[PDB]
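A.B. asks: Quick one: the structure is below, and I'll ask about it shortly.
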Amino acid sequence: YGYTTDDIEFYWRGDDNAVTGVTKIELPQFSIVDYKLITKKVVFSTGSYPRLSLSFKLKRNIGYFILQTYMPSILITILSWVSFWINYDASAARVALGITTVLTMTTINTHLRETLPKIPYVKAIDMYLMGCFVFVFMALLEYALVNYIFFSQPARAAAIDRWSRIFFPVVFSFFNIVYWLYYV
Amino acid sequence: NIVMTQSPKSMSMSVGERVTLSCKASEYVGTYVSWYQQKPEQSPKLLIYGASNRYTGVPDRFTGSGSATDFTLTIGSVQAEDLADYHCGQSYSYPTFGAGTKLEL
Amino acid sequence: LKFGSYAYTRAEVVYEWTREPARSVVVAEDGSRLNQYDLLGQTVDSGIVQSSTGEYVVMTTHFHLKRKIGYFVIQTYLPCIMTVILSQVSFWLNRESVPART
Amino acid sequence: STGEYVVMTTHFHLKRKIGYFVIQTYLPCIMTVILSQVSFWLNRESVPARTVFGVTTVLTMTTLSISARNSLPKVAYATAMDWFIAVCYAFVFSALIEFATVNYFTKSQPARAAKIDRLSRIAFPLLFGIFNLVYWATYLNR
Amino acid sequence: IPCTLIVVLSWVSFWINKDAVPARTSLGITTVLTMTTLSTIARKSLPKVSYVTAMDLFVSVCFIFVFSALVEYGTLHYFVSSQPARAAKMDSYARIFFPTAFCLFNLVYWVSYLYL
Ligand SMILES: *[C@@H]1O[C@H](CO)[C@@H](O[C@@H]2O[C@H](CO)[C@@H](O[C@@H]3O[C@H](CO)[C@@H](O)[C@H](O)[C@@H]3O)[C@H](O)[C@H]2NC(C)=O)[C@H](O)[C@H]1NC(C)=O
Ligand SMILES: CCc1c(C(=O)OC)ncc2[nH]c3cc(OC)c(OC)cc3c12
Ligand SMILES: CCc1c(C(=O)OC)ncc2[nH]c3cc(OC)c(OC)cc3c12
């Protein structure tokens, strides 16, 4: 603080061995990738002062988060897909299933919400939740369009239902793979 | 960098009438404005420092009104010996001065 | 951020900025721990405050902040729009299927 | 081990106030159980209504148990409120099982289904009243 | 106990008639939402540990039972049109099959953790 480079000077004693005990350290959800030791001088308005920096690198563990969050969202998508098999007659059943799936996804999103601080940017997990919501919402809109069209033509409704049944899992797989590859 | 515009560029009246001078700052200067008067063939003299504080050895006739950007100098009951220029300057940043105001009669 | 003297009136202790007032409060380039805010700038003013014990000098500094709306857009606005759209979806449902609309 | 010492002791005698626990825990339990028996009075034909009554009541009782358990510190043994919640949970579960049995026996022996429905209607309120009376009289007077 | 009783609840759908499709669907989804919220409540009291733990195992497996029951019911509804007789066959055999699985799994889990 009070002594400049004309008065004092710092250095790590036994450079490599100066800091010890990092290897034995464990964190509940982090892994110490490595650490570095710097030695520089910082210039303030009152002079130049010696400085030392001990910096770690911490990598998060995805198993916790995978299990806690990624599974339930994909599973709600699974239920939204199961909704298609149900015959067009049971409008109430399919509608209730889909809306309840939406609400469950919102519940898991909310449970995520309390943990992290407010931040302007969108995190990766937020991106995945948004994508899953787009999938579910498009499925429900597709069913609404099917119901509207059916009275004009029932065969069109059946064929379009089969078409969506076959493709939505494919598009979900594609988006999931591209997202994972982008963020890994 | 900061422009100070003085209005009016010139104005006059008879002895005893209230006279007001206005100086406006392009940007924010927080009461770091000053007023000087320069008699002919003389160096400037400080009149008002800060927004309103009156410099020692100055008559109570002069008074300054402050703001963030709009400042004014009022000479209540102007006498017949106040016939000099009047410069507004800001010191919030590197000092700049206004074009000055000429007072006659 | 206002500071002054405790127990020393203006007649005894007076404060002043070391350099030009515009350059007397410096913010480090790398030091900003704001999460949902932006620091546009700062301004300094020097005044006088009246109190029972006397009349004091106050140095004032304002830090101008603007809130970031990115978090709230995803958090509330989009969910509200989507809920409104889902509520609309009810119109296109067939009149017969009362339970679905309920 | 370092000698004999004089120890001065004082005891402050406290008694808990129950009103908050009444309003937050017991009253909702009573209401949910009452809803569970209200389920019986519906027509057997309206299967979905009875199904949703049963499911929602069981769920409300589960959530009230997890909510009530958090107030007091974690402890191995069980508290009186825990027994009350457990018994109300048992009543809700038995009501739902009764509905399932009635459904099974429907379309095979309407008379037997109606008889068991009436018998359960008369029995459940009686059993709940007996249990509630005994529990309250037991704990209040001591 | 709450997880065990939720798994117990998921059964009752089976006894109910296949015709009441909305009832079974609503019950299944409500139970799934319950299992999710209960899993969430359970975890918070614990520190965030990467390695799986015993309490994670029980919650996960009970959740799997619930999901399997609902999925099998949906597949049953689809297959009823294809083969109603096979549908009733599967209802009865599910009724008699799953309970043994759940109980033997419970016993294996408990005895294994007692042994260690
Ligand atoms: C974490 O962040 C810090 C800060 O950004 C990283 O420290 C940086 O480390 C590099 C490599 O040691 C430094 O580069 C060096 O710069 C000097 C300047 O003369 C040069 O002579 C060397 O050849 C080398 O290139 C860099 O200056 C330093 N950053 C600062 C601000 O000092 C650190 O590497 C990051 N990671 C970890 C695991 O700590
Ligand atoms: C509209 C669905 C929804 C609901 C609900 O059930 O309203 C019907 N509730 C909470 C929600 N939080 C969300 C966050 C999202 O991503 C930024 C999102 O995707 C755009 C959707 C929701 C959402
Ligand atoms: C309708 C009863 C109920 C239920 C339920 O689902 O029962 C059908 N669930 C949660 C509840 N919290 C309550 C808090 C109260 O007091 C402020 C209260 O006062 C009468 C009732 C409830 C209550």
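Residue numbers in this text run from 1 along the chain shown.
Recorded method for this deposit: electron microscopy, 2.9 Å.
Quick reminder: no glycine exception, Cβ is built from N, Cα and C everywhere.
Below are the features listed in Swiss-Prot for this protein:
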| type | residues | note |
| --- | --- | --- |
| BINDING | A:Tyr1, A:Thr46 | 4-aminobutanoate binding site |
| TOPO_DOM | A:83-92 | topological domain 'Cytoplasmic' |
| TOPO_DOM | A:113-130 | topological domain 'Extracellular' |
| TRANSMEM | A:62-82 | transmembrane segment |
| TRANSMEM | A:93-112 | transmembrane segment |
| TRANSMEM | A:131-151 | transmembrane segment |
| TRANSMEM | A:164-184 | transmembrane segment |
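So the PDB entry lists these for the protein:
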| type | residues | note |
| --- | --- | --- |
| SEQADV | A:152-158 | linker |
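Tell me about the surroundings of these features in the structure.
C.D. replies: For A:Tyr1 (4-aminobutanoate binding site), the count of additional Cβ atoms within 10 Å of its Cβ stands at 3 [all protein chains shown].
Away from its own ends, the linker (A:152-158) comes close to residues 88, 146 of its chain (Cβ-Cβ under 8 Å, at least six residues beyond either end).
Beyond the topological domain 'Cytoplasmic' (A:83-92), the same-chain residues lying 6 or more positions past its ends with a Cβ under 8 Å from any Cβ of the stretch are 98, 101, 139, 143, 146-147, 150, 157-158, 161, 164-165, 168.
Cβ atoms under 8 Å from those of the topological domain 'Extracellular' (A:113-130) belong to residues 65, 69-70, 73, 105, 179, 183 of the same chain, restricted to positions at least 6 beyond its ends.
Nonlocal intrachain contacts for the transmembrane segment (A:93-112), taken as residues 6+ away from its ends with a CB within less than 8 angstroms of a stretch CB, comprise 69, 72-73, 76, 79-80, 82-83, 86, 125, 129, 132-133, 136-137, 139-140, 143.
Same-chain residues lying 6+ beyond the ends of the transmembrane segment (A:131-151) with a Cβ under 8 Å from its Cβ atoms: 73-74, 76-77, 80-81, 83-84, 88, 91, 94-95, 98-99, 101-102, 105, 157, 160-161, 164, 168, 171-172, 175, 179.
Residues 74, 77, 81, 84-85, 124, 127-128, 131, 135, 139, 142, 146 of the same chain lie 6 or more positions beyond the ends of the transmembrane segment (A:164-184) yet place their CB under 8 Å from a CB of it.
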A.B. asks: Inside 10 Å of the Cβ of A:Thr46 (4-aminobutanoate binding site), count up the other Cβ atoms and send me the figure.
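C.D. replies: There are 8 such Cβ atoms around A:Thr46 (4-aminobutanoate binding site).
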A.B. asks: Hey, which bits of the same chain come close to the transmembrane segment (A:62-82), Cβ under 8 Å, at least six residues off its ends?
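C.D. replies: For the transmembrane segment (A:62-82), the sequence-distant neighbours (Cβ-Cβ under 8 Å, at least 6 residues beyond its ends) are 29, 97-98, 101, 104-105, 108, 112, 125, 128-129, 132, 135-136, 139-140, 165, 168-169, 172, 176.
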A.B. asks: Within the topological domain 'Cytoplasmic' (A:83-92), how many residues are helix, strand or coil going by DSSP?
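C.D. replies: Taking each residue of the topological domain 'Cytoplasmic' (A:83-92) in turn, the totals are 5 helix, 0 strand, 5 coil.
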